[PDB]
Amino acid sequence: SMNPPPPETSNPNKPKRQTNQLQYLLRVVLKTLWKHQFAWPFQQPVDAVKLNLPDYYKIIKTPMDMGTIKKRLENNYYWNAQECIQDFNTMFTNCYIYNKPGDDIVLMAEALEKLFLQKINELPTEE
Ligand SMILES: Cc1cc(-c2nc3ccccc3n2CC2CCOCC2)cn(C)c1=O
């Protein structure tokens with residue numbers, strides 16, 4: 001039932017970087033995905049309590065949402081783009097794992113992933 005602590009968005013020990021690839025992930029990719037009509041269910045951690053999904057965090061052991069990714073990019077938490085791209089891929093994969101094919105949330109995830117792949121193909125080379 002109980003919601004776990006959200007994923008870490010702050011860690012003063014962890015060394016941080018501002019790269020053009022990370023600037024692109026915030027300014028181009030996240031901005032595009034966040035404003036999409038199907039973004040809202042992905043903008044915050046799954047609230048298992050509110051949704052009465054006591055199973056959710058029994059099945060999903062690496063939760064991720066765009067709220068966390070947004071916080072991680074705004075607060076320069078990442079070392080490289082691969083870390084941030086992994087977070088997006090975890091958010092999509094968690095959706096496909098927990099939910100059934102054809103479910104509304106999976107159709108929303110599929111739309112968002114398509115856009116995400118488009119923008120990631122155009123990832124700038126490291127400056
Ligand atoms: C299982 C699940 C639920 C939601 C979710 N978050 C909601 C917030 C408020 C209200 C409903 C919420 N849901 C359920 C879906 C919302 C969109 O339509 C399908 C149900 C999001 N994701 C990524 C999931 O994997």
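We number each residue from 1, following the sequence as shown. Atom set for the values below is all heavy atoms of this structure, side chains included, hydrogens, waters and symmetry mates excluded. In listed order, ligands and their atoms are each counted from 1.
For the pair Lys70 and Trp34, the cation-pi test (distance below 6.0 Å, angle within 45°) is passed.
A side-chain donor-acceptor contact under 3.5 Å links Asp55 and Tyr98. In this model, a donor atom of one side chain and an acceptor atom of the other lie less than 3.5 Å apart for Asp65 and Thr68.
More than 12 heavy atoms of other shown residues, nucleotides or ligands fall within 6.0 angstrom of atom NZ in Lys14. Around NZ of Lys71, the count of heavy atoms belonging to other residues, nucleotides or ligands within 6.0 Å does not exceed 12.
Applying the side chain to side chain contact (heavy atoms under 4.5 Å, CB included) rule to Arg27 yields the partners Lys31; only residues at least two apart in sequence or on another chain are considered.
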Return a table of N or O atom pairs, ligand 1 on one side and protein on the other, at distances under 3.5 Å, rounded to 0.1 Å.
{"from": "ligand 1", "atom 1": "25 (O)", "to": "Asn99", "atom 2": "ND2", "distance (Å)": "3.0"}

